[PDB]
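Q: This structure is in structure tokens; I'll ask about it shortly.
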Amino acid sequence: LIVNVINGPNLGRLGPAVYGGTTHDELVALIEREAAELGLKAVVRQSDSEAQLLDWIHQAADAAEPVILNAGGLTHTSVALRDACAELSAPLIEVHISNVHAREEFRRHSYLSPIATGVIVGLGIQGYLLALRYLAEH
Amino acid sequence: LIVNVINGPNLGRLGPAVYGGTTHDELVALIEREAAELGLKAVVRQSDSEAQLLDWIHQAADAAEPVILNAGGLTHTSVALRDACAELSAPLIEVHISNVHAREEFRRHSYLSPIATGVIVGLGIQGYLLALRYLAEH
Amino acid sequence: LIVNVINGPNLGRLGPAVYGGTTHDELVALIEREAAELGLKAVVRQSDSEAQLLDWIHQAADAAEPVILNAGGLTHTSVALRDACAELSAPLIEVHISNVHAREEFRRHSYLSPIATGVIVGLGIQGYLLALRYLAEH
Ligand SMILES: Cc1ccc2sc(COC3=C[C@@](O)(C(=O)O)C[C@@H](O)[C@@H]3O)cc2c1
Ligand SMILES: Cc1ccc2sc(COC3=C[C@@](O)(C(=O)O)C[C@@H](O)[C@@H]3O)cc2c1
Ligand SMILES: Cc1ccc2sc(COC3=C[C@@](O)(C(=O)O)C[C@@H](O)[C@@H]3O)cc2c1
Ligand code: NA
Ligand code: NA
Ligand code: NA
Ligand code: NA
Ligand code: NA
Ligand code: NA
């Protein structure tokens, strides 16, 4: 029923060559609308602070709620975030707006992918909506 | 006399397969009791925020107090934390509850170990108590 | 006209073998004086918090202002900081007080250098003043 969508650093700045022209507020609106259509309730949060992201992951773990996570640059760097996410009992779907495999080599490594249920990259902001649909059909 | 025990991200969540069933509050109690038995005063702090950890390390450097540090995932990732710890004039003992050498390869690298006095891993929460005893006998 | 000088973790602690004996407050004074002589206004900020640094970079991007950045240990570790800096339309000059190429191997890699206009290392705190002079003559 409840799905948490958590966005990490810089994703508040959305709005165009690499990440598209959709703003973060528009993304929240699109996600909330799609969730409603699927019979879910999406709670969307964004922070540039790793400690804040960790707290939101901890809350999802305590509530046994699924998470759709776009960790931004922390994807490639944060073991702390990986360890928080490893506590999740419900599914974790990693989303990247851009195709990280077509960019710098450092972006092709994720600490999160090995512990995620699955990963969607390169499908733009529709990746979040597709992640929701996965969760609704499961 | 005063020893600072600093715990990094996710260690507030303690309480069981990998890290044991002892909670962070219980750990603080056990450490305070052992410190008292050894004639020390332990000040135990935990944060998921790297900036907060840095501030506590800075304070220990200014006070010339020893530190027992379990940096959590930041062990493997944070040069900033290493540099703060390199300022410490009193001993630094790195502690890990789990045997990081028996886990993923990324956990086998520490930015802290080269600048620590010593390192204890895999002995559970008793590692903190053994670190205290080292400091008391030195 | 306005130049932002942003200092990352531990740089508040300046004041001597590796980084010199000039304190952060003295550095701010020296930078402000040099900026005035060059007809610039320098805004100098320091934080141990990556989220705070990101916010200051975001502000510079929105204002189309140049940045002189000494990211401290985050130089070697933070993709999030690199991505924020990649948004800057005005020049980015990376400065390191110490000669990072004469130190540990991990310090010889920077996420920032590939997206910076240029990089000054090893010239002490004069590196900041030289960065200002570059910006004034450009
Ligand atoms: C105006 C602006 C300026 C810089 C940046 S950086 C950013 C998102 O950071 C990241 C997101 C990814 O997760 C993705 O493709 O969704 C890839 C990851 O490598 C990158 O750090 C969004 C964004 C927006
Ligand atoms: C409920 C729960 C869920 C996830 C996590 S992660 C964690 C501590 O993080 C780490 C601690 C270590 O320092 C250690 O063995 O003490 C190893 C380090 O690799 C790891 O990130 C504790 C903890 C507790
Ligand atoms: C009292 C004290 C104790 C520890 C530290 S660490 C620090 C700055 O950190 C860094 C700065 C550099 O950017 C540089 O040469 O300016 C190099 C970088 O590798 C390092 O982390 C300044 C500082 C001051
Ligand atoms: Na929630
Ligand atoms: Na899309
Ligand atoms: Na203390
Ligand atoms: Na134990
Ligand atoms: Na400014
Ligand atoms: Na100098």
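Starting from 1 in every chain, residues are counted up; chains themselves are A, B, ... following the order of the structure tokens, and ligands are numbered from 1 as listed.
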Please, which residues in chain C fall within 10 Å of ligand 8 when counting only C-alpha atoms and all ligand atoms, and what is the closest atom pair and distance in Å to one decimal for each, ordered by chain then residue number, as a Markdown table?

A:
| residue | atom | partner | partner_atom_place_in_ligand_line | distance |
| --- | --- | --- | --- | --- |
| C:2 | CA | ligand 8 | 1 (Na) | 6.4 |
| C:3 | CA | ligand 8 | 1 (Na) | 6.8 |
| C:4 | CA | ligand 8 | 1 (Na) | 5.6 |
| C:5 | CA | ligand 8 | 1 (Na) | 8.9 |
| C:41 | CA | ligand 8 | 1 (Na) | 9.0 |
| C:42 | CA | ligand 8 | 1 (Na) | 8.0 |
| C:43 | CA | ligand 8 | 1 (Na) | 5.8 |
| C:44 | CA | ligand 8 | 1 (Na) | 8.6 |
| C:45 | CA | ligand 8 | 1 (Na) | 9.5 |
| C:56 | CA | ligand 8 | 1 (Na) | 8.1 |
| C:57 | CA | ligand 8 | 1 (Na) | 9.5 |
| C:59 | CA | ligand 8 | 1 (Na) | 7.1 |
| C:60 | CA | ligand 8 | 1 (Na) | 6.3 |
| C:61 | CA | ligand 8 | 1 (Na) | 9.9 |
| C:62 | CA | ligand 8 | 1 (Na) | 9.9 |
| C:63 | CA | ligand 8 | 1 (Na) | 7.5 |
| C:64 | CA | ligand 8 | 1 (Na) | 9.6 |
| C:65 | CA | ligand 8 | 1 (Na) | 7.2 |
| C:66 | CA | ligand 8 | 1 (Na) | 9.1 |
| C:67 | CA | ligand 8 | 1 (Na) | 9.2 |

Q: Include N, CA, C and O atoms and write out the residues we just selected as a PDB file, in the first residue's frame.

A:
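Below is the file part.pdb, written as the result:
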ATOM      1  N   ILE C   2      31.653  39.001  -8.025  1.00  0.00           N
ATOM      2  CA  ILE C   2      31.614  38.133  -6.836  1.00  0.00           C
ATOM      3  C   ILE C   2      32.245  36.768  -7.115  1.00  0.00           C
ATOM      4  O   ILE C   2      31.960  36.160  -8.150  1.00  0.00           O
ATOM      5  N   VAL C   3      33.140  36.336  -6.228  1.00  0.00           N
ATOM      6  CA  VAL C   3      33.763  35.002  -6.295  1.00  0.00           C
ATOM      7  C   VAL C   3      33.472  34.297  -4.982  1.00  0.00           C
ATOM      8  O   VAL C   3      33.686  34.830  -3.903  1.00  0.00           O
ATOM      9  N   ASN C   4      33.044  33.049  -5.094  1.00  0.00           N
ATOM     10  CA  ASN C   4      32.790  32.219  -3.940  1.00  0.00           C
ATOM     11  C   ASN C   4      33.989  31.335  -3.670  1.00  0.00           C
ATOM     12  O   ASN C   4      34.429  30.656  -4.578  1.00  0.00           O
ATOM     13  N   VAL C   5      34.503  31.346  -2.450  1.00  0.00           N
ATOM     14  CA  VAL C   5      35.586  30.473  -2.036  1.00  0.00           C
ATOM     15  C   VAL C   5      34.970  29.538  -1.012  1.00  0.00           C
ATOM     16  O   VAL C   5      34.467  29.978   0.014  1.00  0.00           O
ATOM     17  N   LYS C  41      34.827  40.844  -5.081  1.00  0.00           N
ATOM     18  CA  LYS C  41      34.283  40.623  -3.738  1.00  0.00           C
ATOM     19  C   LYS C  41      34.298  39.121  -3.498  1.00  0.00           C
ATOM     20  O   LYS C  41      33.682  38.365  -4.246  1.00  0.00           O
ATOM     21  N   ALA C  42      35.047  38.691  -2.493  1.00  0.00           N
ATOM     22  CA  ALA C  42      35.149  37.276  -2.166  1.00  0.00           C
ATOM     23  C   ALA C  42      34.201  36.966  -1.034  1.00  0.00           C
ATOM     24  O   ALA C  42      34.166  37.687  -0.040  1.00  0.00           O
ATOM     25  N   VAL C  43      33.442  35.883  -1.194  1.00  0.00           N
ATOM     26  CA  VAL C  43      32.565  35.352  -0.169  1.00  0.00           C
ATOM     27  C   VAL C  43      33.156  33.987   0.210  1.00  0.00           C
ATOM     28  O   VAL C  43      33.158  33.068  -0.614  1.00  0.00           O
ATOM     29  N   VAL C  44      33.684  33.882   1.425  1.00  0.00           N
ATOM     30  CA  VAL C  44      34.379  32.697   1.867  1.00  0.00           C
ATOM     31  C   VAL C  44      33.532  31.930   2.877  1.00  0.00           C
ATOM     32  O   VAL C  44      33.047  32.480   3.876  1.00  0.00           O
ATOM     33  N   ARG C  45      33.379  30.639   2.626  1.00  0.00           N
ATOM     34  CA  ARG C  45      32.547  29.784   3.459  1.00  0.00           C
ATOM     35  C   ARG C  45      33.273  28.474   3.718  1.00  0.00           C
ATOM     36  O   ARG C  45      34.001  27.998   2.841  1.00  0.00           O
ATOM     37  N   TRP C  56      25.843  25.568  -1.127  1.00  0.00           N
ATOM     38  CA  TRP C  56      26.613  26.714  -1.559  1.00  0.00           C
ATOM     39  C   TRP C  56      26.990  26.619  -3.048  1.00  0.00           C
ATOM     40  O   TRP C  56      26.979  27.625  -3.774  1.00  0.00           O
ATOM     41  N   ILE C  57      27.307  25.422  -3.530  1.00  0.00           N
ATOM     42  CA  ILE C  57      27.558  25.230  -4.953  1.00  0.00           C
ATOM     43  C   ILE C  57      26.292  25.497  -5.780  1.00  0.00           C
ATOM     44  O   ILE C  57      26.362  26.196  -6.800  1.00  0.00           O
ATOM     45  N   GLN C  59      23.888  27.500  -5.051  1.00  0.00           N
ATOM     46  CA  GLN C  59      23.687  28.955  -5.076  1.00  0.00           C
ATOM     47  C   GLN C  59      24.592  29.609  -6.120  1.00  0.00           C
ATOM     48  O   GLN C  59      24.182  30.513  -6.859  1.00  0.00           O
ATOM     49  N   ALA C  60      25.844  29.168  -6.178  1.00  0.00           N
ATOM     50  CA  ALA C  60      26.761  29.710  -7.173  1.00  0.00           C
ATOM     51  C   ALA C  60      26.308  29.391  -8.597  1.00  0.00           C
ATOM     52  O   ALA C  60      26.503  30.184  -9.519  1.00  0.00           O
ATOM     53  N   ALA C  61      25.760  28.207  -8.806  1.00  0.00           N
ATOM     54  CA  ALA C  61      25.237  27.840 -10.106  1.00  0.00           C
ATOM     55  C   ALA C  61      24.064  28.736 -10.481  1.00  0.00           C
ATOM     56  O   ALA C  61      23.999  29.215 -11.616  1.00  0.00           O
ATOM     57  N   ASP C  62      23.153  28.972  -9.543  1.00  0.00           N
ATOM     58  CA  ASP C  62      21.989  29.822  -9.824  1.00  0.00           C
ATOM     59  C   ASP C  62      22.421  31.265 -10.112  1.00  0.00           C
ATOM     60  O   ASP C  62      21.801  31.933 -10.933  1.00  0.00           O
ATOM     61  N   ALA C  63      23.499  31.724  -9.483  1.00  0.00           N
ATOM     62  CA  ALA C  63      23.965  33.105  -9.638  1.00  0.00           C
ATOM     63  C   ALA C  63      24.990  33.262 -10.786  1.00  0.00           C
ATOM     64  O   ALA C  63      25.393  34.398 -11.108  1.00  0.00           O
ATOM     65  N   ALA C  64      25.382  32.148 -11.409  1.00  0.00           N
ATOM     66  CA  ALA C  64      26.419  32.153 -12.437  1.00  0.00           C
ATOM     67  C   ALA C  64      27.713  32.809 -11.937  1.00  0.00           C
ATOM     68  O   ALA C  64      28.350  33.604 -12.652  1.00  0.00           O
ATOM     69  N   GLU C  65      28.100  32.474 -10.698  1.00  0.00           N
ATOM     70  CA  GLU C  65      29.307  32.991 -10.065  1.00  0.00           C
ATOM     71  C   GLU C  65      30.400  31.937 -10.085  1.00  0.00           C
ATOM     72  O   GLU C  65      30.115  30.739  -9.935  1.00  0.00           O
ATOM     73  N   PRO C  66      31.653  32.374 -10.242  1.00  0.00           N
ATOM     74  CA  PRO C  66      32.773  31.465 -10.127  1.00  0.00           C
ATOM     75  C   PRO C  66      32.971  30.928  -8.719  1.00  0.00           C
ATOM     76  O   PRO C  66      32.560  31.540  -7.738  1.00  0.00           O
ATOM     77  N   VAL C  67      33.647  29.787  -8.654  1.00  0.00           N
ATOM     78  CA  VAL C  67      33.921  29.120  -7.410  1.00  0.00           C
ATOM     79  C   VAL C  67      35.396  28.712  -7.359  1.00  0.00           C
ATOM     80  O   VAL C  67      35.923  28.139  -8.325  1.00  0.00           O
TER      81      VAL C  67
END

Q: Can you work out which residues are within 12 Å of ligand 9, considering only C-alpha atoms and all ligand atoms, and then hand them over as a PDB file with N, CA and C atoms, in the first residue's frame?

A:
ATOM      1  N   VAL C  18      51.868  20.264   7.536  1.00  0.00           N
ATOM      2  CA  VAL C  18      51.383  19.928   6.197  1.00  0.00           C
ATOM      3  C   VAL C  18      50.584  21.073   5.577  1.00  0.00           C
ATOM      4  N   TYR C  19      49.766  21.733   6.388  1.00  0.00           N
ATOM      5  CA  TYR C  19      48.853  22.739   5.859  1.00  0.00           C
ATOM      6  C   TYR C  19      49.227  24.173   6.204  1.00  0.00           C
ATOM      7  N   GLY C  20      50.340  24.372   6.899  1.00  0.00           N
ATOM      8  CA  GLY C  20      50.778  25.718   7.272  1.00  0.00           C
ATOM      9  C   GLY C  20      50.178  26.208   8.577  1.00  0.00           C
ATOM     10  N   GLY C  21      50.641  27.359   9.035  1.00  0.00           N
ATOM     11  CA  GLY C  21      50.216  27.911  10.306  1.00  0.00           C
ATOM     12  C   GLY C  21      49.158  29.002  10.231  1.00  0.00           C
ATOM     13  N   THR C  22      48.660  29.295   9.035  1.00  0.00           N
ATOM     14  CA  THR C  22      47.628  30.309   8.865  1.00  0.00           C
ATOM     15  C   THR C  22      46.270  29.710   9.265  1.00  0.00           C
ATOM     16  N   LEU C  27      42.972  33.230   6.848  1.00  0.00           N
ATOM     17  CA  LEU C  27      42.810  32.961   5.426  1.00  0.00           C
ATOM     18  C   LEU C  27      41.673  33.800   4.850  1.00  0.00           C
ATOM     19  N   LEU C  30      42.960  37.352   4.476  1.00  0.00           N
ATOM     20  CA  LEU C  30      43.901  37.474   3.359  1.00  0.00           C
ATOM     21  C   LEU C  30      43.159  37.447   2.016  1.00  0.00           C
ATOM     22  N   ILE C  31      42.188  36.549   1.885  1.00  0.00           N
ATOM     23  CA  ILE C  31      41.420  36.449   0.649  1.00  0.00           C
ATOM     24  C   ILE C  31      40.604  37.709   0.406  1.00  0.00           C
ATOM     25  N   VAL C  95      41.562  24.082  -5.562  1.00  0.00           N
ATOM     26  CA  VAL C  95      42.777  24.436  -4.859  1.00  0.00           C
ATOM     27  C   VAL C  95      43.017  23.409  -3.756  1.00  0.00           C
ATOM     28  N   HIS C  96      44.261  22.983  -3.624  1.00  0.00           N
ATOM     29  CA  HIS C  96      44.741  22.204  -2.480  1.00  0.00           C
ATOM     30  C   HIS C  96      45.967  22.891  -1.913  1.00  0.00           C
ATOM     31  N   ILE C  97      45.981  23.060  -0.608  1.00  0.00           N
ATOM     32  CA  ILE C  97      47.060  23.721   0.084  1.00  0.00           C
ATOM     33  C   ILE C  97      48.326  22.890  -0.035  1.00  0.00           C
ATOM     34  N   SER C  98      48.193  21.591   0.236  1.00  0.00           N
ATOM     35  CA  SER C  98      49.305  20.649   0.165  1.00  0.00           C
ATOM     36  C   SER C  98      49.474  20.105  -1.246  1.00  0.00           C
ATOM     37  N   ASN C  99      50.674  19.619  -1.529  1.00  0.00           N
ATOM     38  CA  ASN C  99      50.921  18.941  -2.790  1.00  0.00           C
ATOM     39  C   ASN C  99      50.412  17.513  -2.682  1.00  0.00           C
ATOM     40  N   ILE C 120      45.203  24.154  -8.743  1.00  0.00           N
ATOM     41  CA  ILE C 120      46.428  24.624  -8.115  1.00  0.00           C
ATOM     42  C   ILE C 120      46.652  23.794  -6.865  1.00  0.00           C
ATOM     43  N   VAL C 121      47.816  23.159  -6.774  1.00  0.00           N
ATOM     44  CA  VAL C 121      48.153  22.381  -5.579  1.00  0.00           C
ATOM     45  C   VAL C 121      49.539  22.692  -5.072  1.00  0.00           C
ATOM     46  N   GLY C 122      49.712  22.619  -3.762  1.00  0.00           N
ATOM     47  CA  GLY C 122      51.030  22.672  -3.181  1.00  0.00           C
ATOM     48  C   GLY C 122      51.627  24.037  -2.969  1.00  0.00           C
ATOM     49  N   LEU C 123      50.874  25.097  -3.275  1.00  0.00           N
ATOM     50  CA  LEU C 123      51.395  26.434  -3.139  1.00  0.00           C
ATOM     51  C   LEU C 123      50.919  27.086  -1.863  1.00  0.00           C
ATOM     52  N   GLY C 124      50.475  26.268  -0.922  1.00  0.00           N
ATOM     53  CA  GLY C 124      49.980  26.791   0.331  1.00  0.00           C
ATOM     54  C   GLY C 124      48.723  27.614   0.190  1.00  0.00           C
ATOM     55  N   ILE C 125      48.511  28.486   1.157  1.00  0.00           N
ATOM     56  CA  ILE C 125      47.312  29.300   1.075  1.00  0.00           C
ATOM     57  C   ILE C 125      47.429  30.357  -0.051  1.00  0.00           C
ATOM     58  N   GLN C 126      48.637  30.630  -0.528  1.00  0.00           N
ATOM     59  CA  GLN C 126      48.754  31.498  -1.687  1.00  0.00           C
ATOM     60  C   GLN C 126      48.006  30.950  -2.904  1.00  0.00           C
ATOM     61  N   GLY C 127      47.768  29.644  -2.963  1.00  0.00           N
ATOM     62  CA  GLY C 127      46.988  29.105  -4.051  1.00  0.00           C
ATOM     63  C   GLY C 127      45.625  29.749  -4.204  1.00  0.00           C
ATOM     64  N   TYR C 128      44.981  30.098  -3.083  1.00  0.00           N
ATOM     65  CA  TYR C 128      43.672  30.760  -3.162  1.00  0.00           C
ATOM     66  C   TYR C 128      43.783  32.128  -3.789  1.00  0.00           C
ATOM     67  N   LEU C 129      44.859  32.827  -3.434  1.00  0.00           N
ATOM     68  CA  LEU C 129      45.090  34.191  -3.909  1.00  0.00           C
ATOM     69  C   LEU C 129      45.453  34.192  -5.390  1.00  0.00           C
ATOM     70  N   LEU C 130      46.195  33.175  -5.807  1.00  0.00           N
ATOM     71  CA  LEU C 130      46.514  33.030  -7.219  1.00  0.00           C
ATOM     72  C   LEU C 130      45.262  32.675  -8.039  1.00  0.00           C
TER      73      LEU C 130
END

Q: Which residues of chain B are close to chain A, meaning at most 9 Å apart when you count only C-alpha atoms, and how do they look as an MDAnalysis selection string?

A: chainID B and resid 8:10 13 47:50 72:77 106:107

Q: Quick one: pull the distance between atom CA of residue C:36 and atom 21 (O, counted along the ligand's line) of ligand 3, Å, one decimal.

A: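 That distance, rounded to one decimal, is 28.8 Å.
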